[PDB]
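Data file: entry_21.txt. Format and content: compact mmCIF, C-alpha atoms.
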```txt
# COMPACT_ATOMS: atom_id res chain seq x y z
CA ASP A 1 -25.22 72.22 1.51
CA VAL A 2 -28.31 72.21 -0.71
CA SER A 3 -31.25 69.89 -1.18
CA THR A 4 -31.31 67.05 -3.68
CA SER A 5 -34.01 68.90 -5.64
CA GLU A 6 -31.94 72.09 -5.85
CA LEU A 7 -28.91 70.04 -6.88
CA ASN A 8 -30.92 68.32 -9.62
CA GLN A 9 -32.00 71.70 -10.98
CA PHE A 10 -28.44 73.05 -10.85
CA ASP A 11 -27.00 70.00 -12.65
CA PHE A 12 -29.73 70.35 -15.27
CA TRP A 13 -29.67 73.98 -16.40
CA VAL A 14 -25.90 73.94 -16.86
CA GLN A 15 -26.47 71.56 -19.80
CA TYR A 16 -28.15 74.31 -21.85
CA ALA A 17 -25.00 76.35 -21.25
CA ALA A 18 -23.07 73.29 -22.43
CA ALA A 19 -25.13 73.18 -25.62
CA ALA A 20 -24.40 76.87 -26.23
CA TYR A 21 -20.80 75.96 -27.03
CA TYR A 22 -21.79 73.78 -30.03
CA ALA A 23 -21.78 75.53 -33.41
CA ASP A 24 -24.21 72.80 -34.48
CA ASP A 25 -26.72 74.18 -32.00
CA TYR A 26 -26.39 77.93 -32.47
CA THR A 27 -26.46 77.60 -36.26
CA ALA A 28 -29.26 75.03 -36.19
CA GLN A 29 -32.36 75.42 -38.33
CA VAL A 30 -35.63 76.40 -36.67
CA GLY A 31 -37.15 73.30 -35.09
CA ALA A 32 -33.97 71.22 -34.94
CA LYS A 33 -33.28 69.35 -31.70
CA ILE A 34 -30.55 70.56 -29.36
CA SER A 35 -27.74 68.00 -29.30
CA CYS A 36 -24.30 67.76 -27.69
CA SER A 37 -22.06 65.50 -29.72
CA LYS A 38 -19.60 65.16 -26.82
CA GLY A 39 -22.33 63.82 -24.54
CA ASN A 40 -22.46 66.69 -22.04
CA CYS A 41 -26.12 67.66 -22.26
CA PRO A 42 -27.95 64.30 -21.93
CA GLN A 43 -30.86 65.63 -19.85
CA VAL A 44 -31.40 68.46 -22.34
CA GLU A 45 -31.66 65.99 -25.20
CA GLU A 46 -33.94 63.88 -22.98
CA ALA A 47 -36.37 66.80 -22.71
CA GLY A 48 -36.63 66.87 -26.52
CA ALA A 49 -36.02 70.63 -26.49
CA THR A 50 -35.84 72.26 -29.96
CA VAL A 51 -34.30 75.49 -31.24
CA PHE A 52 -36.69 78.39 -31.85
CA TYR A 53 -34.08 80.94 -32.80
CA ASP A 54 -30.32 81.15 -32.75
CA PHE A 55 -27.50 83.58 -33.34
CA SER A 56 -23.94 82.75 -34.33
CA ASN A 57 -20.54 84.16 -33.63
CA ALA A 58 -18.88 85.61 -36.68
CA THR A 59 -16.52 88.35 -37.84
CA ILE A 60 -18.59 90.99 -36.01
CA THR A 61 -19.34 89.30 -32.68
CA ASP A 62 -17.93 86.77 -30.20
CA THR A 63 -21.38 86.11 -28.69
CA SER A 64 -23.56 83.20 -29.85
CA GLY A 65 -26.56 81.39 -28.46
CA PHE A 66 -30.12 80.29 -28.90
CA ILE A 67 -33.72 80.45 -27.78
CA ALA A 68 -35.13 76.93 -27.31
CA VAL A 69 -38.37 75.53 -25.89
CA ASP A 70 -38.45 72.75 -23.29
CA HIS A 71 -41.91 71.17 -23.13
CA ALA A 72 -40.83 68.74 -20.41
CA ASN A 73 -39.98 71.54 -17.97
CA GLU A 74 -42.35 74.18 -19.45
CA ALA A 75 -39.59 76.68 -20.14
CA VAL A 76 -38.36 79.00 -22.85
CA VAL A 77 -34.56 78.97 -22.61
CA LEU A 78 -32.30 81.84 -23.68
CA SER A 79 -28.70 80.59 -23.70
CA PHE A 80 -25.55 82.68 -24.22
CA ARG A 81 -22.00 81.66 -25.09
CA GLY A 82 -19.39 84.42 -24.93
CA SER A 83 -15.91 84.54 -26.33
CA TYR A 84 -14.01 81.33 -25.67
CA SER A 85 -10.78 83.36 -25.50
CA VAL A 86 -11.13 83.35 -21.71
CA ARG A 87 -7.54 82.76 -20.58
CA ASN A 88 -6.49 85.91 -22.45
CA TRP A 89 -9.34 87.77 -20.75
CA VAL A 90 -8.08 86.72 -17.30
CA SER A 91 -4.49 87.55 -18.16
CA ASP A 92 -4.88 90.87 -19.99
CA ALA A 93 -8.44 92.15 -20.25
CA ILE A 94 -9.01 95.76 -19.27
CA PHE A 95 -12.43 96.68 -17.94
CA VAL A 96 -14.51 99.84 -18.52
CA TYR A 97 -17.67 101.13 -16.84
CA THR A 98 -20.78 102.14 -18.76
CA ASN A 99 -24.28 103.35 -17.90
CA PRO A 100 -26.78 100.73 -19.18
CA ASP A 101 -29.92 102.74 -18.21
CA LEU A 102 -30.98 99.92 -15.85
CA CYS A 103 -31.30 101.53 -12.43
CA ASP A 104 -30.30 104.63 -10.48
CA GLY A 105 -26.54 104.69 -10.06
CA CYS A 106 -26.11 101.33 -11.79
CA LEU A 107 -23.00 100.89 -13.96
CA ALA A 108 -22.21 97.79 -16.00
CA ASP A 109 -19.07 96.35 -17.56
CA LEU A 110 -18.90 97.87 -21.02
CA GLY A 111 -17.85 94.72 -22.88
CA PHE A 112 -20.62 92.53 -21.52
CA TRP A 113 -23.33 95.19 -21.82
CA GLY A 114 -22.20 95.88 -25.37
CA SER A 115 -22.51 92.20 -26.26
CA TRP A 116 -26.09 92.19 -24.94
CA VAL A 117 -27.13 95.45 -26.64
CA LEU A 118 -25.83 94.07 -29.96
CA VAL A 119 -28.37 91.19 -29.93
CA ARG A 120 -31.06 92.70 -27.69
CA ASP A 121 -33.59 94.09 -30.19
CA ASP A 122 -34.06 90.87 -32.15
CA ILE A 123 -33.97 88.71 -29.03
CA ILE A 124 -36.76 90.80 -27.47
CA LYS A 125 -38.95 90.42 -30.56
CA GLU A 126 -38.20 86.68 -30.81
CA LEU A 127 -38.94 86.12 -27.13
CA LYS A 128 -42.26 87.90 -27.49
CA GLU A 129 -43.15 85.43 -30.24
CA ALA A 130 -42.00 82.29 -28.42
CA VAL A 131 -43.56 83.23 -25.07
CA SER A 132 -46.83 84.05 -26.80
CA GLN A 133 -46.68 80.58 -28.37
CA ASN A 134 -46.00 79.04 -24.90
CA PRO A 135 -47.96 81.24 -22.47
CA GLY A 136 -47.64 79.19 -19.28
CA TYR A 137 -43.89 78.72 -19.64
CA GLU A 138 -41.19 80.29 -17.51
CA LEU A 139 -38.24 82.07 -19.07
CA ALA A 140 -34.79 80.81 -18.12
CA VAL A 141 -31.68 82.71 -19.17
CA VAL A 142 -28.50 80.69 -18.83
CA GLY A 143 -24.84 80.80 -19.64
CA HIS A 144 -21.35 79.83 -18.55
CA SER A 145 -18.12 81.83 -18.36
CA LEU A 146 -18.28 85.18 -20.23
CA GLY A 147 -21.60 83.99 -21.63
CA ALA A 148 -22.89 83.91 -18.07
CA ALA A 149 -21.94 87.57 -17.72
CA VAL A 150 -24.01 88.41 -20.80
CA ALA A 151 -26.80 86.21 -19.47
CA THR A 152 -26.85 88.15 -16.22
CA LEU A 153 -27.24 91.52 -17.90
CA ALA A 154 -29.74 90.14 -20.35
CA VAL A 155 -31.87 88.75 -17.53
CA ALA A 156 -31.77 91.97 -15.58
CA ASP A 157 -32.73 94.00 -18.63
CA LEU A 158 -35.48 91.62 -19.71
CA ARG A 159 -36.96 91.73 -16.24
CA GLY A 160 -37.70 95.42 -16.82
CA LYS A 161 -39.02 94.76 -20.34
CA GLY A 162 -41.93 92.39 -19.72
CA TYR A 163 -40.33 89.28 -18.12
CA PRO A 164 -40.08 90.19 -14.42
CA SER A 165 -39.99 86.52 -13.36
CA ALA A 166 -37.15 85.51 -15.69
CA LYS A 167 -34.76 83.05 -14.03
CA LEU A 168 -30.98 83.43 -14.29
CA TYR A 169 -28.51 80.52 -14.16
CA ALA A 170 -25.05 82.07 -14.40
CA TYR A 171 -22.29 79.46 -14.16
CA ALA A 172 -18.75 80.75 -13.53
CA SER A 173 -19.82 84.33 -14.19
CA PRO A 174 -17.49 87.33 -13.90
CA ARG A 175 -18.75 90.33 -12.00
CA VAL A 176 -20.82 92.45 -14.38
CA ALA A 177 -21.46 95.72 -12.59
CA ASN A 178 -21.07 97.94 -9.55
CA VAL A 179 -22.67 97.77 -6.08
CA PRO A 180 -25.99 99.43 -7.08
CA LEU A 181 -26.45 97.15 -10.06
CA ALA A 182 -25.57 94.02 -8.07
CA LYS A 183 -28.07 95.17 -5.41
CA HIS A 184 -30.79 95.76 -8.03
CA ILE A 185 -30.29 92.38 -9.71
CA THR A 186 -30.08 90.62 -6.34
CA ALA A 187 -33.42 92.19 -5.36
CA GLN A 188 -35.06 90.97 -8.56
CA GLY A 189 -34.71 87.42 -7.23
CA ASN A 190 -34.60 84.16 -9.18
CA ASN A 191 -30.79 84.39 -9.47
CA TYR A 192 -28.63 81.25 -9.46
CA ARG A 193 -24.95 82.17 -9.74
CA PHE A 194 -22.24 79.55 -9.42
CA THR A 195 -18.55 79.49 -8.64
CA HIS A 196 -16.17 76.53 -8.46
CA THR A 197 -13.35 76.25 -5.91
CA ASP A 198 -10.68 78.78 -6.99
CA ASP A 199 -11.79 79.46 -10.62
CA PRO A 200 -10.17 82.83 -11.51
CA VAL A 201 -12.92 83.99 -13.84
CA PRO A 202 -15.56 84.78 -11.15
CA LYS A 203 -12.86 86.79 -9.34
CA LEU A 204 -12.82 89.43 -12.09
CA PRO A 205 -13.24 92.30 -12.30
CA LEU A 206 -11.91 92.81 -8.75
CA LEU A 207 -13.86 94.08 -5.78
CA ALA A 208 -11.12 96.73 -5.60
CA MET A 209 -12.22 97.92 -9.04
CA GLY A 210 -15.75 98.76 -7.89
CA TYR A 211 -17.50 95.63 -9.19
CA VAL A 212 -19.81 93.46 -7.09
CA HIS A 213 -21.47 90.09 -7.72
CA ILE A 214 -25.13 89.19 -7.60
CA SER A 215 -25.98 87.37 -4.37
CA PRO A 216 -26.15 84.66 -3.30
CA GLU A 217 -23.19 82.59 -4.52
CA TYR A 218 -23.49 78.82 -5.03
CA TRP A 219 -19.89 77.76 -4.41
CA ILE A 220 -19.10 74.24 -5.62
CA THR A 221 -16.22 73.05 -3.44
CA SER A 222 -15.67 69.61 -4.98
CA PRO A 223 -12.67 69.14 -7.34
CA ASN A 224 -12.51 69.01 -11.14
CA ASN A 225 -14.09 65.91 -12.76
CA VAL A 226 -15.85 65.25 -9.41
CA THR A 227 -19.52 64.46 -9.05
CA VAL A 228 -21.10 67.32 -7.11
CA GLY A 229 -22.90 66.10 -4.00
CA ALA A 230 -25.55 67.89 -1.97
CA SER A 231 -22.75 68.58 0.52
CA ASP A 232 -20.42 70.04 -2.15
CA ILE A 233 -22.19 73.42 -2.54
CA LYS A 234 -21.94 76.25 0.00
CA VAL A 235 -24.28 79.24 -0.24
CA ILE A 236 -22.58 82.60 0.39
CA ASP A 237 -24.96 85.48 1.06
CA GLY A 238 -22.71 88.49 0.39
CA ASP A 239 -19.94 89.35 -2.07
CA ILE A 240 -17.10 90.11 0.34
CA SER A 241 -13.35 89.72 -0.07
CA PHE A 242 -12.97 86.79 2.37
CA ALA A 243 -15.91 84.53 1.49
CA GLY A 244 -16.35 81.76 -1.06
CA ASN A 245 -14.56 81.73 -4.40
CA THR A 246 -13.25 85.27 -3.92
CA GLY A 247 -11.97 84.27 -0.49
CA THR A 248 -9.71 81.67 -2.10
CA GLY A 249 -7.40 84.55 -3.15
CA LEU A 250 -6.60 86.83 -6.04
CA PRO A 251 -7.10 85.22 -9.47
CA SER A 252 -4.31 82.98 -10.78
CA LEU A 253 -4.08 81.51 -14.28
CA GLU A 254 -2.64 78.38 -12.64
CA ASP A 255 -6.15 77.79 -11.23
CA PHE A 256 -7.75 78.05 -14.67
CA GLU A 257 -8.78 74.39 -14.98
CA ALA A 258 -11.38 74.93 -12.26
CA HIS A 259 -13.26 77.14 -14.74
CA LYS A 260 -14.31 74.31 -17.00
CA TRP A 261 -15.79 71.95 -14.38
CA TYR A 262 -19.27 73.09 -13.30
CA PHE A 263 -21.11 69.77 -12.77
CA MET A 264 -20.02 68.75 -16.30
CA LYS A 265 -17.28 69.75 -18.71
CA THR A 266 -19.37 72.73 -19.73
CA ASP A 267 -17.28 73.85 -22.71
CA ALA A 268 -16.52 70.42 -24.21
CA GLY A 269 -18.31 71.47 -27.43
CA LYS A 270 -16.04 74.43 -28.26
```
Would you put the structure from the file into structure tokens?
Amino acid sequence: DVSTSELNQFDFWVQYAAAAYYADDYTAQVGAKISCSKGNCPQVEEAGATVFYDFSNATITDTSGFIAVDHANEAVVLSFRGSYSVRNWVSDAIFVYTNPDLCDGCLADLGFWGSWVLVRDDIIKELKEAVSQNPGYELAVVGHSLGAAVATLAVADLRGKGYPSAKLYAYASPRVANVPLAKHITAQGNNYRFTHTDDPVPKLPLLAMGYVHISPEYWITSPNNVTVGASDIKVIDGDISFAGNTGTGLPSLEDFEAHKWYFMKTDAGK
């Protein structure tokens, strides 16, 4: 279980991930309000949050997202959407290690790290501007699905590049790195990683392939389309083969519906 306050926070930040799926939001003009036409980010719209910067998917990248400012919650928000070709990723994606220069012995998943390095330089300069314009604000990096994987690596990297207290909200994230990197990110703190029942996406890449998750795990045990109660989240303190989402078994495409239901229909805007 979790507290009502924690649950409120968890139900809230997922809505910025939900907005990340809307082309209207990641191609918005500077100063436009974030909006979810399918009605799945109401509390975001209620904050009045506006887009500072955004970046679109295109012929050269499957990653899109935005930097927005939330004056209600005093936060700069960096939101990532990855490729929405996720079923094909579960069924056929091959993984590859790479050395991201993050920590001693740390190796990251090449695809996710590559997606972050592609946007990193401009996002760092933009964040410097927006945080300077909002000095007392926290930085929250958020995403869902493959976007959550990019969010994780972005957070970890940014924490070594001037934002050590950056928060990470990674809904339905794959594993992104090996044991040393998972240990390094876990020790940075401020990590909120979510799984849902038997969602296959957080089960990949496999433990058997050398990858490990950031801890802890917030495992939502309630079904699809179900309101998440305070009693519907279990906190798992280590990434082991028999606990939480991974403990539900090896990944199966027949479980894929569980991937879309993380408090809301996160990808309704795709």
Between A:87, A:167, A:128, A:175, which has the minimum distance to residue A:149 (counting all atoms listed in the file)?
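Checking each candidate against residue A:149, we get A:175 as the closest.
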Near-residue A:11 list (9 Å; only C-alpha atoms; drop same-chain fewer than 6 positions) as number ranges by chain
A: 228, 262-264
Residue nearest residue A:202 among A:23, A:142, A:123, A:86 (counting all atoms listed in the file):
A:86
Among listed residues A:51, A:60, A:266, A:230, nearest residue A:8 (using all atoms listed in the file)
A:230
Considering all atoms listed in the file, return as a count of residues only whatever protein or nucleic-acid residues lie within 9 Å of stretch 72-80 of chain A, sequence-local ones (same chain, fewer than 6 positions apart) excluded.
33
Which residue gives the smallest distance to residue A:26 among A:113, A:169, A:219, A:53, with all atoms listed in the file counted?
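Of the candidates, the smallest distance to residue A:26 is held by A:53.
Coordinates place atom CA of residue A:67 at a distance of 10.8 Å from atom CA of residue A:124.
Here atom CA of residue A:14 and atom CA of residue A:69 stand 15.5 Å from one another.
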Given only C-alpha atoms as the counted atoms, nearest of A:204, A:258, A:154, A:243 to residue A:89
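Nearest to residue A:89: A:204.
Using all atoms listed in the file for every distance, the candidate list A:163, A:211, A:52, A:10 yields A:211 as the residue closest to residue A:96.
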Set the distance at 12 Å and use only C-alpha atoms: which residues neighbour residue A:209 once local chain neighbours fewer than 3 positions away are removed? I'd like the list as JSON, numbers by chain.
{"A": [94, 95, 96, 97, 109, 175, 176, 177, 178, 179, 203, 204, 205, 206, 212]}
